[PDB]
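Read on for two forms of one protein chain; each stands alone as structure tokens, with the labels structure 1 and structure 2.
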Structure 1
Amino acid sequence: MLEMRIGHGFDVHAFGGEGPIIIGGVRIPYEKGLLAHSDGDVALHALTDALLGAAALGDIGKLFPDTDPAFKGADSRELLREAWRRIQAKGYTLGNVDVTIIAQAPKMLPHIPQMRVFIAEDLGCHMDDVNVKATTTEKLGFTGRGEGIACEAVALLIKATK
């Protein structure tokens, strides 16, 4: 008995105050920062949700409530590793993941290798199983007007029974 499972995640955060932003674990210089209870790290959030979705464990909002102040300013990589620990406790292993950052700016391409390192590390997998890409929406929408950043992820999990 070998089971394969598909998952999908989507997240948005608004720009706010200032600092760098944090995306896929990488600190990226930018005129403004991300408003969140959190890292605001939309890439890891969308990814975490894709993983929980494939395991039918719900999503980050269920596992890590807005209400609990133990998650205020939390490293989104902590959340990813925690979510992943539980996924593994139900007997799943990683097939592969693919992430799509939707942002007008800043440039994501230079930071993609480092994101993959962080993600592969956090998921205890080889980098070959992690893909991250970016698209701009050509000045259209809330993304295109520089009001915020959106991100999607899909994930494939494997489970042996065997």
Structure 2
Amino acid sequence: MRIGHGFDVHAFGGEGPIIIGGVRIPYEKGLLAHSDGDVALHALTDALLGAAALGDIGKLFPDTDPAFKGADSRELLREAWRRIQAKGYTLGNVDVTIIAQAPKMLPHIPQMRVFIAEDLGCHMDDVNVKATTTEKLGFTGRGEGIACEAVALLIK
């Protein structure tokens, strides 16, 4: 009986590789972020965290209080999940939506699903990921950055 929503973006810049949903995808530009700018996992975390009312992943700091920072989005997701289960919550299902003009996400979706399903400890049927463009409109339309929205559903 708990719904959750997350949103997140990151601007392009830097050298090559970008990481999304935990997968390393080839691309001319890279993603600027304090950590691996995995917008997919950040949005997913915020969603999960939002449903359990623990307030975004930002509560997990950019203060790098000797514990969390210097850690990829995957570790933060597992950590946040560990705290959510602590409040006796169990995963119902999650849906992620990546918004980018490029690169093509479709081929990497399955592997993303494998990762998320591992970190949240569940089967892949409980996690869905899709991608969409903004038809060359917006900061996404241009290759300025990538955005991602995620909804989550937890059970008690």
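Residues that one form lacks are left out of the comparison. Throughout, residue numbering runs from 1 along the sequence of structure 1. Here, rigid core means the biggest group of C-alpha atoms that superpose within 1.5 Å across both forms.
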>> Listing 113, 61, 124, 69 as candidates, which single one shows a C-alpha movement of 2 Å or greater between the two structures when the core is held fixed?
In response: 69
> Aligning on the rigid core, what is the distance the CA of residue 25 moves between the two structures, in angstrom?
Replying inline: 0.0
>> Please list the stretches that shift between the two structures, defined as three or more consecutive residues with CA displacements of 2 Å or more after core superposition.
In response: 64-74
